[PDB]
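Chain by chain, the residues run as shown.
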Amino acid sequence: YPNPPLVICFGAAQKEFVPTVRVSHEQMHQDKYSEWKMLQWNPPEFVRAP
Amino acid sequence: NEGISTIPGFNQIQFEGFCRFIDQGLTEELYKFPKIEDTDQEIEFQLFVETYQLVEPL
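For this deposition, the record names cryo-EM as the technique by which the model was determined and cites 3.0 Å as its resolution.

Below is the structure:
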């Protein structure tokens, strides 16, 4: 056995998947995704480190 | 509201300036136009800022 202990990551393989989805009070524009980056500066409490 | 999340356009200043002009300055200047009252026996009129129509260039 190699020196670094092996770890097993059991689950599913998905490209970009955010499982924690709740309701956010503040919302942004519907179509303009160029201003959706503002909510990644002050994120909701549950999506601070997804 | 634009420009708070990305870099604004380099021609937005003159764009909004010309828009503000063609929106309010023409009417503001036509309002201060004086009224000429003469030609009693003749048919004339004054400057009424009610139509205010600009036609597209041919």
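Draft legend 1. A look at the overall build of chain A. Counting its regular elements, chain A contains zero helices and zero strands. Dimensions of chain A, computed from the C-alpha atoms along their principal axes, are close to 55 × 20 × 20 Å.

Draft legend 2. Representation of the overall build of chain B in the model. Per the secondary structure count, chain B includes one helix and zero strands. Here the C-alpha radius of gyration of chain B, 19 Å, is well above what a compact globule of 58 residues would show, namely 10 Å. In terms of its C-alpha atoms, chain B occupies a principal-axis envelope of roughly 65 × 30 × 15 Å.

Draft legend 3. Representation of the packing of aromatic side chains in the model. Consider the rings of B:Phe18 and B:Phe21, whose centres lie 6.3 Å apart with planes at 40°: the pair is tilted. Here the residue B:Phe18 and the residue B:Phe21 both occupy positions in helix α1 (residues 12-31), the gap between them amounting to three residues, near one helical turn.

Draft legend 4. Examining α1(B) more closely. Between its first and last C-alpha, α1(B) extends 28 Å over 20 residues, near the 28 Å set by a 1.5 Å rise per residue. In α1(B), a bend of some 40° at B:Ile22 exceeds every other bend along the element.

Draft legend 5. The arrangement of unusual backbone geometry in detail. All names here are of chain B. We note that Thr39 has phi near 55°; this positive angle belongs to a residue other than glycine. Relative to the assigned elements, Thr39 resides in the segment after α1. The phi torsion at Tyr52 lies on the positive side, around 50°, for a residue other than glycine. Take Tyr52: it is sitting in the segment after α1.

Cut-offs applied
- These residue numbers run from 1 along each chain by written sequence and may not equal the entry numbers. Residues without coordinates are not shown.
- Here the convention is simple: chains get letters from A, ligands get numbers from 1, in the order in which they are written.
- Because the shown chains make up only part of a larger assembly, each value pertains to the shown part and nothing beyond it.
- The side-chain figures draw on all heavy atoms in the structure; neither hydrogens nor water molecules are used.
- Residues with missing side-chain atoms are left out of burial classes, side-chain pairs and their counts.
- Only DSSP runs of H or I reaching four residues or more are called helices, and only runs of E reaching two or more are called strands; each is numbered from the N terminus.
- Throughout, the radius of gyration refers to the C-alpha atoms, and the reference size of a globule is 2.2 Å times the residue count to the power 0.38.
- Between 30 and 60 degrees the pair is tilted, below 30 it is stacked and above 60 it is edge-to-face, where a pair is any two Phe, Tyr or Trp rings, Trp via its six-membered ring, whose centres lie within 6.5 Å.
- In this scheme, a helix's expected span is set at 1.5 Å multiplied by one less than its residue total.
- The angle between axes fitted to the seven-residue stretch ending at a residue and the seven-residue stretch beginning at it gives the bend at that residue.

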